[PDB]
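Remarks on the overall topology
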Amino acid sequence: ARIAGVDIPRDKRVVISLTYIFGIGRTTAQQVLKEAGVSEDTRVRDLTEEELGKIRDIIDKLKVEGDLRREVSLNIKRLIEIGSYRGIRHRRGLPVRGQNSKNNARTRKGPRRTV
Amino acid sequence: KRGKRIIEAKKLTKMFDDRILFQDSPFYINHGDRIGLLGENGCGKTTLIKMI
Amino acid sequence: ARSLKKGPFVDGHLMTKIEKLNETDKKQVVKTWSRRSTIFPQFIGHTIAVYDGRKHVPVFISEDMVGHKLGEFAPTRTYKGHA
Amino acid sequence: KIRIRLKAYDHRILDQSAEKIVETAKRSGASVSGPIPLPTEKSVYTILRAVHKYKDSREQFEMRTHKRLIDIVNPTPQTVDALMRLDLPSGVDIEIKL
Amino acid sequence: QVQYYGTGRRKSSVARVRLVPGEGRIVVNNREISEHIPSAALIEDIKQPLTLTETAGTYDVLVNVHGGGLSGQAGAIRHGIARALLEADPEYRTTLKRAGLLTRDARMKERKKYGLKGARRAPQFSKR
Amino acid sequence: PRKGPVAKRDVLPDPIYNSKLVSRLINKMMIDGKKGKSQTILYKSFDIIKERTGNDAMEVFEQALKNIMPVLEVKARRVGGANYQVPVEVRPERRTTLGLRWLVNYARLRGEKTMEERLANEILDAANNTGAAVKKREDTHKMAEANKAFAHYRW
Amino acid sequence: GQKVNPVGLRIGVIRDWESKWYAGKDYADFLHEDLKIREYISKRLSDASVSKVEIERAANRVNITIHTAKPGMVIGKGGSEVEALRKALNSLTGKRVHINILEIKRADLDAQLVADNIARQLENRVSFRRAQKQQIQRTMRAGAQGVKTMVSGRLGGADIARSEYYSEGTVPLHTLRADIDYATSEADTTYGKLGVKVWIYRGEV
Amino acid sequence: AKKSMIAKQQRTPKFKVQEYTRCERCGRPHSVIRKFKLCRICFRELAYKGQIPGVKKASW
RNA sequence: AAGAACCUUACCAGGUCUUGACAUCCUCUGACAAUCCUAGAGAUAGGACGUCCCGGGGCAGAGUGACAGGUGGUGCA
RNA sequence: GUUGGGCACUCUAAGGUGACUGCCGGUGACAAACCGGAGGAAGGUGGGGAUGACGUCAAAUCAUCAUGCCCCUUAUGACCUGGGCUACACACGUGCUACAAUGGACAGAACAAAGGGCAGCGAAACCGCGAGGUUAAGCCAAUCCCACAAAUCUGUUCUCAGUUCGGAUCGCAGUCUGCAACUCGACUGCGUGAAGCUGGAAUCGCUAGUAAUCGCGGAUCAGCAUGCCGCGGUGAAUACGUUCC
Ligand SMILES: Nc1ncnc2c1ncn2[C@@H]1O[C@H](COP(=O)(O)OP(=O)(O)OP(=O)(O)O)[C@@H](O)[C@H]1O
Ligand SMILES: [Mg+2]
Ligand SMILES: [Zn+2]
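Residues numbered from 1 in each chain as written, not as in the entry; some residues may be left out. Chains lettered and ligands numbered in written order. Part of a larger assembly, values for the part shown. Heavy atoms only, no water.

Residues and elements named next belong to chain H. According to UniProt, the feature "binding site: Zn(2+)" maps to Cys 23, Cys 26, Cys 39 and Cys 42 in the numbering used here. These annotated residues cover 20 residues of sequence, and their C-alpha atoms all fall within 8.0 Å of one another, placing them together at a single site. Its location among the elements puts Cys 23 in the loop between α1 (3-10) and β1 (32-33). Those residues in contact with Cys 23 that lie beyond four places of it in its chain are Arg 28, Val 32, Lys 37, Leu 38, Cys 39 and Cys 42. You can see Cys 26 is positioned in the loop between α1 and β1. Note on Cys 26: relative accessible area 35%, which makes it partly exposed. Residue contacts for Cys 26: discarding those within four places in its chain leaves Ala 1, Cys 39 and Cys 42. (UniProt positions renumbered as here; feature names shortened; annotations may be inferred. Helix = DSSP H or I, 4+ residues; strand = E, 2+ residues; numbered from the N terminus. Contact = heavy atoms within 4.5 Å. Buried < 20%, exposed > 50% of the residue type's maximum accessible area, 1.4 Å probe, protein only.)

This is the structure in structure tokens:
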């Protein structure tokens, strides 16, 4: 069940399997099925080549997988290049949306290195 | 760390031609269980493993 | 985040300074305290010395900066790591 | 009809004041809708008892606004006078709508 | 027609019960009790005063009930029924009182107390 | 407490089986005051018990508890250097309490996907007394018998 | 940090508010005018033995009733001083002020008067022991069932401050029905502030 | 509060957003109750004296 | 702390002031002012426009030296 | 409940009644008192709240306020912009959300209490996927509004996975408040989808409408709470006992 170069789970309902492509979430998926008139409830393994064909055409109009990864990477490269405050936070591994850093912020900083 | 359940069997029956090894045998194995298979030779211990 | 209806905000006292520099095609270092001012296209090429709390930091404005706030390029806190 | 709303912090003067209102209208002859006891409002303020720190030490005060409604049915011209002529003690709010 | 009234109260709920000659139909706010009260356990408890007096099928219980939850309303309907039965027949008083159906369960939500997180629940304590 | 024994609390008999024991188990299964969930679990379990065994669910359940309820428990006592486990008889009420508690806890640990199925299997095992809950009862009886010497000690 | 103000505990139970008016929208405005009026009366009548100042309101009127032990000194000759006060309060409030003076018959039963009297004596370098003991006798003669007095601070210019209290008869502070008057006062000495607390118990209600 | 601070707060600031409340008895900036325009401390002091109409100690 | 974007705010950098941002005196005089235009980041200046409310009940400014002023220290006064 | 009509019932709130070991039996000194019973809504200070003795800790606060003494006075006072109080190798306290099937998602039927509202609450209608927006009814309020309570129940789907669990972080695009959301706001949409599989030593709260869990409101407040103060909904387990801390 390869779509946009991603082998979507065959056993899962269509709405859910679509979300395995980088750049598609639950709502996005429902629209694609809505636009392409496919039932959400059918399992991916049970999809006909026609329905699969239709889904693939619609998904080509969205920015997914490498496309999206390249777009977002440029955004990060842009912020640092212009020497923004946000750029500095990104490269330094600190919160960029004003979260306090005295406590928490372990998603950005990684595991504690006690001293 | 992983999840609780790892093996479940419901109404599990294994036959060879006309010989029933075991029939309607429900059991489970959870994470971290240390299970000893007890039984005489030929009772099907290795058979169950190959099924698992 | 500023409502689109309101439009981008930029302290007029700073915009006025840039309009005079643009009419004469001149490029002086404009000292400002308006960290909150949006970078408009009109600023491109100029050098604005933005107060960071103790000194005006000259920040060169490139095209890629338009829409950000002046303050965004003049960090106010000093930190070179613990040790 | 003539609608009277009495408010007060002290229900006692409220009852005393309301009594004066009802009798003066009834002696004027107009029928009186007995003073309706409306739900008492209760605002509560919890404040820090101490001047500094000691967050767990609080003190609670409340203000209870008692209300009464007096409707006057079948009014008379002399009644309207008697209603305004009454001097009810300070601390009772009188509202006369008609 | 001939009807016997009873006020019952549980927690926040108040139930105005009227016993009328009928066949055991409970209508609460113009609905079959099953629609209003899902729980089977609650419906069993509600009927309890009727069972103890062996009056199931004698009376239609018309209940107007407001406030509180579906378990408090159930409690209030039961209490109102017991009191209504007293009017129908003073002889029932002994059995109802023995089973504790005439007592108003006076348990009410305790107020929250400053410095505590509920009525009793104290905040986590630390020596160090 | 020091003053003296305190009034225990009554439970109403279950609406379907007219049993106080069933009602008590329902309370033991309940979490976060959600009595609805627990009643549904138990009724579904009893259907599995009747549908599986064919016997009456209540009879199976009562037989299971009989096999779980302990008669002698052990109470710890610090006697000088070493701590002694003193065997003590289990009050009838406590026997029921321990049975339901042990049943519920070990049922939750089983490997079936749903609690009702889990609970059903656990009760069936206790009916044949071969489940975890049974084992717990074996352990306490072993401890009491082993430390039978120290029964003399007591408060 | 132990004993609730005896008056606070009994307000609305047995004791009434001095401010006896109701307001809605204007509540904040009215409250603060009364604060300025009370302060003004306290200063202008600091020597006139003014215990209690009740304040009423009506439309634009303000009916002030000042309770004093020395009504003569507040009214003045032919109402000269009381008319002067009216004019001063009409200019502050910007309202029509009416003033009534009530005579306190037994000056020594009013906790505020007593607290102020003792404070004046502490400022005149009278022994704190004598001041308190003398007052307590006078008050008990007036028929109070009990009295407690306390003076705190640098008693006789000591380095280490302490409190010394004297009592007579019964002062049941914990009895909510007991009409227990209470009042504080401060004395400014060369060594700083001496606190004065007075409790007077005049019987049950 | 410094007399300067009470004066600044009583003047109209550059912007309406900059207006804030102080207890107008003692000048405390924190814990000012709109209904009374008093800080927590002044409120208690005057309540105990019976000088806050219709306020009494709460219990229930 | 029952609400740190400015304010709050007491801290720091920079730009500023000195009967003073706040108060009672003294005196002189008479409105102060508001409102814009220009300059400034703003405080502030520069101009402009009017130019006292009822002996002073006042209100205001200008000078004047008494003073003000401190969330400065000591809660072990 | 809309109109007429009524206030019966509920409810609202003033004044009353009620609980006193007052009565019955035993025990006890015959005393105090204790154990049980009746009646009753309630039985042994019914439940909760307020109320905190003499003193202790030279406890806390000179930063609410006030104040002795000392110190500064073209400055330790006063004004202004910007910044900081939000920093971040790291340790601790108190919380929130979770690790899932007694659950997630979707849909339907319900059921509260208590409080707030005049420059305030703001309906209905219309627009937007949404935060919101236009217009604007009603209400200075037992009337109008905030205001749809949520768990729960009933169906459908998911089928044990780091997932349709979990929501951090981050990218993009927006809304509202405000002179102004860069440092440093809340919320929304799209995308992204971290740790986390019930937690070592140890340690905390709670004796019943309590714990646990589910929502709702309020103060502060232009805006901003997982905090604080209140409200109800569902609603347990256990107390044998005083050997031990
Ligand atoms: N394909 C087969 N056909 C028929 N009989 C078989 C077959 N495979 C196994 N058996 C018999 O069935 C039983 C299964 O043997 P298996 O090796 O699976 O288990 P076991 O005897 O428990 O193991 P162990 O080798 O550990 O003793 C033995 O009797 C074996 O002889
Ligand atoms: Mg083998
Ligand atoms: Zn104050």
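Read on for the rest.
Moving on: the sheet that holds strand β2 (residues 61-68) of chain G. Residues and elements named next belong to chain G. A sheet is described by the order of its strands in space; here three strands give the open sequence β1-β2-β3, paired in mixed fashion. Two strands bound the open sheet, and with one partner strand each, they are β1 (50-58) and β3 (96-103). Neighbour-to-neighbour, the strand axes of the sheet open up by a mean angle of 20 degrees, direction not taken into account. Of the strand pairs in this sheet, β1 and β2 are connected by eight bridges, and their pairing is antiparallel. (Pairing = 2+ DSSP bridges. Axes fitted to C-alpha atoms, helices over the stretch in contact; angles between N-to-C directions.)

Applying the stated criterion across every chain, the model contains 20 aromatic pairs over all chains. Considering the side-chain rings of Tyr 45 of chain D and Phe 36 of chain H, the 5.2 Å spacing of their centres and the 70 degrees angle between planes classify their relative orientation as edge-to-face. Placement of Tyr 45 of chain D in strand β2 (residues 31-48) and of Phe 36 of chain H in the loop between β1 and β2 (38-39) is noted, with the two residues assigned to different chains. Among the residues examined, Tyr 45 of chain D registers a relative accessible area of 16% and is labelled buried. Exposure remark for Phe 36 of chain H: the relative accessible area of 0% places this residue in the buried category. Clustering of aromatic rings is evident, with ring pairs tying together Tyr 9, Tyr 45 and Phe 61 of chain D, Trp 21, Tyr 22, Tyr 27 and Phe 30 of chain G together with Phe 36, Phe 43 and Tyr 48 of chain H. (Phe/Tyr/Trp six-rings, centres within 6.5 Å; stacked < 30°, edge-to-face > 60°.)

With that settled, consider the protein's contact with RNA strand J. Surveying the vicinity of RNA strand J reveals 187 residues, the closest of which are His 66 and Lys 67 of chain D, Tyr 5 and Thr 103 of chain E together with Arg 34 of chain H. In the interface set of RNA strand J, defined as its atoms within 4 Å of the protein, sugar plus phosphate atoms amount to 74%. Among the elements that take part in the surface near RNA strand J, β2 of chain D stands out by supplying seven residues, more than any other. Here the surface near RNA strand J is composed, by residue class, of 58 nonpolar, 54 polar and 75 charged. (Near = heavy atom within 4 Å. Nonpolar A, V, L, I, M, F, W, Y, C, P; charged D, E, K, R; others polar.)

Counted by the stated rule, this structure contains 38 salt bridges over all chains. Here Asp 125 of chain F makes a salt bridge to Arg 110 of chain F, at a shortest N to O gap of 2.8 Å. Here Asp 125 of chain F, found in helix α5 (residues 115-127), pairs with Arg 110 of chain F, found in the loop between α4 (92-109) and α5; they are 15 residues apart in sequence, far enough to count as distant. A residue is classified by how much of its surface remains accessible, and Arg 110 of chain F, at 10% relative accessible area, is buried. One salt-bridge network, in which partners are shared between bridges, spans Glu 33, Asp 34, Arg 57 and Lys 95 of chain G. (Salt bridge = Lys/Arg side-chain N within 4 Å of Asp/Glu carboxyl O.)

The next thing to look at is the coordination of the zinc ion (ligand 3). Residue and element names in this part refer to chain H. Summarising the metal site, the zinc ion (ligand 3) is bound by the protein donors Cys 23 (SG), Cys 26 (SG), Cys 39 (SG) and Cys 42 (SG), whose distances to it range over 2.3 Å. Since its relative accessible area comes to 1%, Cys 23 is described here as buried. The class of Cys 42 is buried, set by a relative accessible area of 4%. (Donors = N, O, S within 2.8 Å, 3.2 Å for Na, K, Ca; no water.)

Another point: the site of ligand 1. Residues and elements named next belong to chain B. The full set of residues close to ligand 1 is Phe 16, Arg 19, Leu 21, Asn 41, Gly 42, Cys 43, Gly 44, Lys 45, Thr 46 and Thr 47. Residue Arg 19 places a side-chain N or O atom 2.8 Å away from an oxygen atom belonging to ligand 1. Within the contact set of ligand 1, an oxygen atom lies 2.4 Å away from a backbone nitrogen or oxygen of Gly 42. Bound to the protein, ligand 1 loses 52% of the 620 Å² it would expose on its own. Mapped onto the shell around ligand 1, the elements with two or more residues apiece are β2 (19-30) and α1 (45-51). Considering each element in turn, the shell around ligand 1 owes the most residues, three residues, to α1. Of the residues in the shell around ligand 1, the class split is three nonpolar, five polar and two charged. (Polar contact = N/O pair within 3.5 Å; in protein donor to acceptor, adjacent residues only side chain to side chain. Areas by Shrake-Rupley, 256 points an atom, 1.4 Å probe, with all protein chains shown as cover.)

A separate point is the nonpolar core. Residues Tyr 27 and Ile 41 of chain G together with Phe 36, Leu 38, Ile 52 and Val 55 of chain H are the most contacted members of the largest nonpolar core, which totals 39 residues. Elements represented by at least two residues in this core include exactly β3 (58-73) of chain D, α2 (27-44), β1, β2, α4 (80-93) and β3 of chain G together with β2 and α2 (40-49) of chain H. Counting residues per element, this core draws most heavily on α2 of chain G, at six residues. Apart from residues lying up to four places away in sequence, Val 55 of chain H is in contact with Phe 61, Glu 62 and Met 63 of chain D, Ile 11, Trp 17 and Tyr 27 of chain G together with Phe 36, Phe 43 and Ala 47 of chain H. In terms of nonpolar packing, the next biggest core, distinct from the first, is built from 31 residues, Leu 42, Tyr 43, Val 90 and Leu 103 of chain F among them. (Core = buried A, V, L, I, M, F, W, Y, C linked by side-chain atoms within 4.5 Å.)

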